[PDB]
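Novice: Here is my input, please return the structure:
(chains A, B and C, ligands or ions: 26)
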Amino acid sequence: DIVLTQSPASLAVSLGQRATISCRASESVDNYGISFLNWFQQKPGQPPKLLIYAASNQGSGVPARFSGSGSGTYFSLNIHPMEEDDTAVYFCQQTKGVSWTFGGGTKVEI
Amino acid sequence: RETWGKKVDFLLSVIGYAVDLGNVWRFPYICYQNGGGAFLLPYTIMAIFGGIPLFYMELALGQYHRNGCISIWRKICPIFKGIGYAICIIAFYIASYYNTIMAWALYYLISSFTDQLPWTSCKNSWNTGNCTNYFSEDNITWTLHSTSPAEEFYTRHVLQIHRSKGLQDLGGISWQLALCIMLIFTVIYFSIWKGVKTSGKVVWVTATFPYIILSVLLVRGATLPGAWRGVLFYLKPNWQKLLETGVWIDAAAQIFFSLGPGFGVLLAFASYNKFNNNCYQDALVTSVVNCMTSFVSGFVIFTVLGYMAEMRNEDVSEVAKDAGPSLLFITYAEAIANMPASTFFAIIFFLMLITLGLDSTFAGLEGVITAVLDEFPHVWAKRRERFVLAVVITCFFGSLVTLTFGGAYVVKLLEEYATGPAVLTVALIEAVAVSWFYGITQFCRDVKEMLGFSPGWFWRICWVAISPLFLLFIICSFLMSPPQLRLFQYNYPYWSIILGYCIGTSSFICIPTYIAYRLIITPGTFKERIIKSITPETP
Amino acid sequence: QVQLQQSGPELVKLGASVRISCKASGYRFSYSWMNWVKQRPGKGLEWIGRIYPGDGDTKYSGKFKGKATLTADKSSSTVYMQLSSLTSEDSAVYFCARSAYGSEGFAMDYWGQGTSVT
Ligand SMILES: *[C@@H]1O[C@H](CO)[C@@H](O[C@@H]2O[C@H](CO)[C@@H](O)[C@H](O)[C@H]2NC(C)=O)[C@H](O)[C@H]1NC(C)=O
Ligand SMILES: CC(C)CCC[C@@H](C)[C@H]1CC[C@H]2[C@@H]3CC=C4C[C@@H](O)CC[C@]4(C)[C@H]3CC[C@]12C
Ligand SMILES: NCCc1c[nH]c2ccc(O)cc12
Ligand SMILES: NCCc1c[nH]c2ccc(O)cc12
Ligand SMILES: CCCCCCCCCC
Ligand SMILES: CCCCCCCCCC
Ligand SMILES: CCCCCCCCCC
Ligand SMILES: CCCCCCCCCC
Ligand SMILES: CCCCCCCCCC
Ligand SMILES: CCCCCCC
Ligand SMILES: CCCCCCC
Ligand SMILES: CCCCCCC
Ligand SMILES: CCCCCCC
Ligand SMILES: CCCCCCC
Ligand SMILES: CCCCCCC
Ligand SMILES: CCCCCCC
Ligand SMILES: CCCCCCC
Ligand SMILES: CCCCCCC
Ligand SMILES: CCCCCCC
Ligand SMILES: CCCCCCC
Ligand SMILES: CCCCCCC
Ligand SMILES: CCCCCCC
Ligand SMILES: CCCCC
Ligand SMILES: [Cl-]
Ligand code: NA
Ligand code: NA
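Specialist: Numbers count the residues shown, from 1 in each chain, chains lettered A, B, ... in the order given. Ligands and ions are numbered 1, 2, ... in the order given. Shown next is the structure:
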């Protein structure tokens, strides 16, 4: 069981700026060169939608503004530039071979 | 000098040396690509022409002079003393990839300790991409980019070759394979720790398990649906392709690198034999045993191939296109995962591979150690274990580059180039030395005074006419034919051929350098130096 | 194209049992994990467990080890979840997320509309 602590708990930045969402895992999620950590996004009244997989590559219908980076036990989620349509809850789920648990969730406002 | 002890010790050691890991996947594959049932005739011809006489001559040289690979030339031909260093370099280059393949097999055995084999389904973190190729399925889902979960377990979990772009990009080192290599090297060090007695004691059990294991594998594969197809496709006489020389070259190289003459192992093994031994019978028995073991290995491999082809409804000669060590760890892994008793049979097969590798590793390392110690007697009092540890550390540092993620490229490079013209020209120089420089008449007289009877005219004319010409034919065939190596979805670049030629020449370059050093270090005119370079020194 | 059709919502009862289905279609049903998550009203997601329809291997993370039963059906491409000991804590929305391959880090890209167990 690998726990994930997302920081901060709540984020509120103006439009056009850069939003940084951190996700510090307890153990390493890299064993075969690829990172086993995904990022999701859900809105009130909508199922979650995958944004970036392996913390490096972007999804199918995800814009280029959701840039992900990081490796090892520290990852980041960069949303720049963001608009009034990116105000949702962003999770951080790891897919290590021991347990797949979610993060805490950061409610980005404004 | 130390004595082998029991008669079974030397025989088992030579059997474990001759029976190596190469004769379980390479021999049946090259027999399939070359005729099939019609491949046995040229195989035995090349054997009786250039592998049996070389084996007999090497065993006689080791038993008579009672020296390694650097002191025998001091007694027959001082100008050819660099063969010892050439043998050391060749054995190091071989031991690198041999020990890394041993580590691969040990990691496979360790991962095969669960109830369900990890290379069975496509639900793991390493079984990621194409997985349409399965077993026991009526739906025919064929894809040109498809693969099997066993190949994904081999290339992405064991080797982790997906983290490299080829020979030009070698990054990272797998710690699991590193620990496996460390454990295997400790086992090797503890197997040749004291001397040859403990080596024989370990070979007594290490060279016996593979035979009963192959018996079990044969009695299992024979009772499989469709093994008869593989049997008749392995024993299919195809004389139409026997018209070219490629089949002859393949058979000759196979019997050469299977019996293994001119590698510096038989000399040290016979160095501990008694003067009243019978090396001819030992050589013949071990050669026939190695040939029969190769035959049974090909038999079980082709029964597995036929069973998988029947259960897959696919023609033969396509399920095992890729050669090399991957052939086993893919095809036999799939076959074992398909069998009901998967864990037990997988453990048994991997233990067989481990023992077959360990036998040849012990043989080669003991030969090298004896060759080095026979040259410098002043480092034999309290330096045996220290030199063994130094050799093990050197082999570990040499295999560290192959223990990387994309290390399999270097492994194939070494297996294809170190097993090239270097050993061939070493054996050729040895043969021509014993024939002309030392004299075939003196060699026959030594064999007579050692055993009790001179060898027949067959071997006498062979050692001087066929074996040198046979080795020269192999050399001139391998020189003007650069190998086009290709691993999984990777073509070797042009500089890879240059690197292979360089690493194959660096081992042979010791002989001419030592020849020049000996010719300059002795005074006199030219012909005087030549004469002094052939006549052996006084005891 | 991949579409995971989930069932409708049910009514939770004290001590009863509910079976939530997930009709997946558009991909290799027997070659991809079928996970289940739990989203309580006002709180974050909670993983339940995964099931591989290829061989039927099921995994669980926490408390849902002995109360959740994942069953696969390759004939109709439908994954079920048998919940037991239904209490006031299980009143949430159970989604059906299809995990991607290993190269994608088992990405749960395709989800279901969710069955709000009220
Ligand atoms: C099945 O195998 C093929 C061939 O290896 C995969 O196709 C490729 O994807 C990789 C990574 O993006 C590229 O480097 C190759 O060039 C691609 N091949 C071709 C011919 O374009 C394919 O992705 C695999 N199927 C999976 C992973 O589901
Ligand atoms: C399954 C296939 C390979 C047949 C198995 C062949 C085995 C059973 C046969 C063939 C060669 C035989 C060996 C030949 C040489 C010797 C050395 C002798 O001092 C003791 C017996 C011993 C060790 C024999 C044991 C049995 C043996 C290994
Ligand atoms: N056919 C035996 C291969 C071989 C020859 N010399 C060797 C030295 C070390 C070793 O591991 C292996 C070898
Ligand atoms: N199978 C023999 C490989 C081979 C063919 N040509 C060669 C030339 C050089 C060498 O080191 C090796 C080779
Ligand atoms: C592969 C069979 C080899 C048989 C060799 C027999 C030699 C007998 C003495 C010439
Ligand atoms: C996957 C873990 C492999 C561990 C190999 C351990 C080899 C023996 C080390 C003492
Ligand atoms: C007593 C020392 C034993 C060392 C065995 C060889 C170890 C090789 C890997 C370091
Ligand atoms: C990519 C890491 C390669 C390591 C090679 C080590 C070679 C040591 C030679 C003494
Ligand atoms: C076509 C490949 C030729 C390789 C020649 C290498 C020469 C090495 C001399 C040390
Ligand atoms: C080529 C290896 C030479 C070893 C010499 C040890 C004294
Ligand atoms: C570029 C180096 C590849 C490995 C060479 C080993 C001798
Ligand atoms: C994980 C890398 C281990 C390297 C060991 C070198 C002896
Ligand atoms: C680590 C123990 C190795 C034993 C080898 C045989 C004596
Ligand atoms: C399927 C028949 C196998 C015979 C093997 C004889 C060694
Ligand atoms: C050399 C053995 C050939 C057997 C053919 C069986 C049909
Ligand atoms: C006693 C240790 C010797 C190590 C030699 C490495 C080349
Ligand atoms: C391959 C032999 C290496 C000997 C090193 C002695 C220090
Ligand atoms: C990075 C390449 C290292 C090669 C080492 C050869 C001994
Ligand atoms: C066709 C390449 C021949 C190379 C010979 C090197 C001795
Ligand atoms: C062009 C690459 C040459 C590598 C040489 C490694 C010894
Ligand atoms: C190739 C000639 C080498 C001579 C070395 C003398 C020390
Ligand atoms: C192989 C060339 C030897 C030259 C000797 C010159 C004295
Ligand atoms: C590619 C040439 C290497 C020489 C050591
Ligand atoms: Cl053979
Ligand atoms: Na052999
Ligand atoms: Na062996």
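
Novice: Pull the residues that contact stretch B:216-228.
Specialist: With C-beta atoms under 8 Å, 6 or more residues apart in numbering or on different chains as the test, stretch B:216-228 has contacts from B:296, B:299-300, B:302-304, B:306-311, B:339, B:345, B:348-349, B:352. Where you see a C-beta, it was placed from the backbone N, CA and C, and this is true even at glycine.

Novice: which among the residues you listed are in contact with ligand 4?
Specialist: Among the contacts of stretch B:216-228, no residue is within reach of ligand 4 (C-beta under 6 Å from any ligand atom).

Novice: For the residue of the stretch 351-500 of chain B at minimum distance from chain C, list the residues it contacts.
Specialist: When scored by C-beta to the nearest C-beta, the stretch 351-500 of chain B has residue B:489 as its residue closest to chain C, at 14.8 Å. If you count contacts by C-beta under 8 Å, 6+ apart, residue B:489 has none.

Novice: what's the distance between it and residue C:93?
Specialist: 44 Å (C-beta to C-beta, to the nearest Å).

Novice: I'd guessed residue B:266 sits against residue B:55; true?
Specialist: Yes - look at residue B:266 against residue B:55 with C-beta atoms under 8 Å: they come within range, at 6.8 Å.

Novice: Who has more neighbours out of those two?
Specialist: Neighbours per residue, other C-beta atoms under 10 Å in any protein chain shown: of residue B:266 and residue B:55, the larger number sits with residue B:266, 32 against 26.

Novice: Would you check how far apart the closest residue to ligand 2 within chain A and chain B are?
Specialist: Residue nearest to ligand 2 within chain A (C-beta to the nearest ligand atom): residue A:32, separated by 37.9 Å. Relative to chain B, residue A:32 is positioned 6 Å away (C-beta to the nearest C-beta, to the nearest Å).

Novice: Can you classify that residue by secondary structure?
Specialist: coil (DSSP: H, G, I helix; E, B strand; the rest coil).

Novice: residues in contact with it?
Specialist: B:125-126, B:156-157, B:160, B:162-163, C:102.

Novice: let's go with 6 Å and repeat that
Specialist: Going by C-beta atoms under 6 Å, 6 or more residues apart in numbering or on different chains, residue A:32 touches residue B:126.

Novice: what's the residue most central in space within chain A in contact with, if anything?
Specialist: Centroid-nearest residue in chain A: residue A:39, 3.5 Å away (criterion: C-alpha atoms, centre = their mean). Residue A:39 sits next to A:51-52, A:77, A:92 when contact means C-beta under 6 Å, 6+ apart.

Novice: List the beta-bridge partners for it.
Specialist: On the basis of DSSP bridges, residue A:39 is bridged to residue A:52, residue A:92.

Novice: so how far is residue C:39 from it?
Specialist: In this view, residue A:39 and residue C:39 are 17 Å apart by C-beta to C-beta.

Novice: And for residue B:57?
Specialist: To residue C:39, residue B:57 is 80 Å away according to C-beta to C-beta.

Novice: ok, these two, which is more surrounded?
Specialist: Higher neighbour count among residue B:57 and residue C:39: residue B:57, with 28 against 20, using other C-beta under 10 Å.

Novice: which SSE is that one in?
Specialist: Applying DSSP states H and E as the criterion places residue B:57 in helix B:52-65.

Novice: Figure out how far that helix is from the centre of its chain.
Specialist: 19 Å (C-alpha atoms, centre = their mean, to the nearest Å).

Novice: Counting neighbours, which bits of that helix end up buried?
Specialist: In terms of neighbour count (16 or more other C-beta atoms under 10 Å in any protein chain shown), helix B:52-65 has its buried residues at B:52-65.

Novice: same thing with stretch A:62-82?
Specialist: Neighbour counts using 16+ other C-beta under 10 Å place A:62, A:66, A:68, A:70, A:73, A:75, A:77-79, A:82 of stretch A:62-82 among the buried residues.

Novice: Now do the end-to-end distance for stretch B:131-143.
Specialist: Stretch B:131-143 stretches 10 Å from its first residue to its last (C-alpha to C-alpha, to the nearest Å).

Novice: mind listing the helices in the stretch 101-250 of chain B by residue range?
Specialist: Secondary structure of the stretch 101-250 of chain B by DSSP state H, counting those that start in this stretch: the helices cover B:149-152, B:175-191, B:196-206, B:209-221, B:227-234, B:246-259.

Novice: how far off helix B:196-206 does the longest one point, in degrees?
Specialist: If I follow you right, that is helix B:175-191. Orientation check (axes from the mean of the first three to the mean of the last three C-alpha atoms, to 10 degrees): helix B:175-191 against helix B:196-206 gives 120 degrees.

Novice: quick one, what contacts the closest residue to residue A:82 other than its chain neighbours?
Specialist: Computed as C-beta to C-beta, 6 or more residues apart in numbering or on different chains, the closest residue to residue A:82 that is not its neighbour in sequence is residue A:19, at 5.6 Å. Residue A:19 makes contacts with A:11, A:13, A:79, A:82, A:108, as judged by C-beta under 6 Å, 6+ apart.

Novice: how much space is there between residue A:19 and residue B:51?
Specialist: From residue A:19 over to residue B:51 (counting by C-beta to C-beta), the distance is 73 Å.

Novice: ditto for residue B:423
Specialist: As judged by C-beta to C-beta, residue B:423 and residue B:51 stand 13 Å apart.

Novice: same question, residue B:354
Specialist: Noted for residue B:354: a distance of 26 Å to residue B:51, by C-beta to C-beta.

Novice: Of those two, give the one with the bigger neighbour count.
Specialist: Shown here are residue B:354 and residue B:51; by other C-beta under 10 Å, residue B:51 has more neighbours (27 against 22).

Novice: What is the burial count for residue A:58?
Specialist: 18.

Novice: Could I get the contacting residues of the closest residue in space to it that isn't next to it in sequence?
Specialist: Counting by C-beta to C-beta, 6+ apart, residue A:52 is the residue found nearest to residue A:58 once chain neighbours are left out, at 5.3 Å. Counting by C-beta under 6 Å, 6+ apart, residue A:52 touches A:39, A:58, A:66, A:68.

Novice: how close does the third one sit to residue A:60?
Specialist: The span separating residue A:66 from residue A:60 equals 12 Å under the rule C-beta to C-beta.

Novice: Also the last one?
Specialist: Taking C-beta to C-beta as the measure, residue A:68 and residue A:60 are separated by 15 Å.

Novice: sorry, back to before: for the residue of the stretch 351-500 of chain B closest to chain C, phi and psi?
Specialist: With angles defined as degrees, to the nearest 10, residue B:489 sits at phi 50, psi 50.

Novice: Ligand 14 versus that one, what's the distance?
Specialist: Residue B:489 is 35 Å from ligand 14, where distance means C-beta to the nearest ligand atom, to the nearest Å.

Novice: mind checking how far that residue is from ligand 23?
Specialist: From residue B:489 across to ligand 23, the span is 23 Å (C-beta to the nearest ligand atom).

Novice: With that, I have no additional questions.
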